[PDB]
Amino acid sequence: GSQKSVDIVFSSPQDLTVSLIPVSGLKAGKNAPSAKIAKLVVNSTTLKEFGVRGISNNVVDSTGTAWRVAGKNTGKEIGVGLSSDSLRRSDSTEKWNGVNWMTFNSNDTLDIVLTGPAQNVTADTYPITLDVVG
């Protein structure tokens, strides 16, 4: 349906502020390689760096910077992940409990895109979750 819900969070000052903005007007069907689908903005007035991974049951690279998401209504999959340009903004990778996290500077916008070759996308809703650690 057209009804939408979202959590509104009020808290004491936090070290990081994370905003994940989806791209509007995405068209089902063939899409361009690395087409942008969302922007992850991590801001901080107090911390210099953070690590970030996409959380998914189908992560496809070691750093959690690429994964696949199945459509809620059809089960069809798309491959998503950070753009190559965004990935270049990372100057180090940290390992935490056997898992690799790429580090980035706060106050930056990282683009989430349709990875690899051009994808033929089925009209559907594809949830994505990004986890940021300061």
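Definition used throughout: the rigid core is the maximal C-alpha set that superposes within 1.5 Å between two forms. In this text, residue numbers run from 1 along the sequence as written.
In summary, of the stretches 94-102 and 31-39, 94-102 shows the greater Cα distance from the shown form in 7 other deposited structures of this protein, with structures fitted on the rigid core. Annotation for 78-86 versus 96-104: the higher mean temperature factor (C-alpha) is found in 96-104.
Remark: stretch with higher mean C-alpha B factor among 87-95 and 27-35 is 87-95.
Among the modelled residues of its chain, residue 9 has a C-alpha B-factor that falls in the highest third, as given in the PDB entry.
When the modelled residues of the chain are ordered by their C-alpha B factor, residue 73 lands in the highest third. In the deposited entry, the Cα temperature factor of residue 115 places it in the lowest third of its chain's modelled residues. In the deposited entry, the Cα temperature factor of residue 57 sits in the middle third of values across the chain's modelled residues.
Among all modelled residues in its chain, residue 63 ranks in the lowest third by Cα B-factor.
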